[PDB]
């Protein structure tokens, strides 16, 4: 069996065992493995599910800590706040490193190899996603550039998705979901967010009406967010 075939099998084991840092490493090998061709749908998906879970943990930890820090600083208790933030820094450094590894992999290998609308929107979305994860905790000029980077990646992703993929396509549907969340949570623009979310959802329903558990779930998320934001 080929080496690439092994790493893939290994990554699927890492996933079952829920050791995502390792699942990332394996798919990271398969990535840097081939040069001419691009990752299969399964491989491309395993790579982001892996990163998604690695970043997702620190993101959850970050929210908990951040939430606690808030409650404590508004309690006046300062001795705690310094320890909460000292801990948050640590969580944030990891988020930075995680985001950095996948962003570099996106520019060096992932994006250059996208030979279709499917993978191009996919990788461009990831690009935006991780600059977004940065923007969630950054604040000063760092936030501004993470935001700018997010917007650029999502817009580039949207141009391709809007023309090359169906409104029912899950990648395109997910791009809309995230892009609209970006407007609502980082740009604090519920107007631009709702328009986008509503528009993508409507086009999906339209296409569906005239002429995938995959896309159905994403649409349910778009709706939950729409109703959610209408409060």
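Residue numbers count along the first chain shown, from 1. Just so we're on the same page, rigid core means the largest C-alpha set that superposes within 1.5 Å between forms.
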Stretch farther from shown form by Cα RMS in 7 other deposited structures of this protein, picked from 171-179 and 26-34 after core fit, is 26-34
According to the entry, how many residues of the deposited sequence fall between residue 17 and residue 18 and are not modelled? Options: none, 1 to 3, 4 to 9, 10 or more. none
Once you work out the mean C-alpha B-factor for both 75-83 and 113-121 from the entry, which is higher? 75-83
Mean Cα B factor from the PDB record: higher for 61-69, or higher for 26-34? 26-34
Considering every modelled residue of the chain and its Cα B-factor in the PDB entry, is residue 196 in the lowest, middle or highest third? middle
Taking only the Cα B-factors deposited for this chain, tell me whether residue 187 sits in the lowest, middle or highest third. middle
Relative to the other modelled residues of the same chain, rank the CA B-factor of residue 141 and answer lowest, middle or highest third. highest
Going by what the PDB entry lists, where does residue 40 fall on CA B-factor within its chain: lowest, middle or highest third? middle
Tertile call for residue 221 (CA temperature factor, within chain, third-based) is the middle
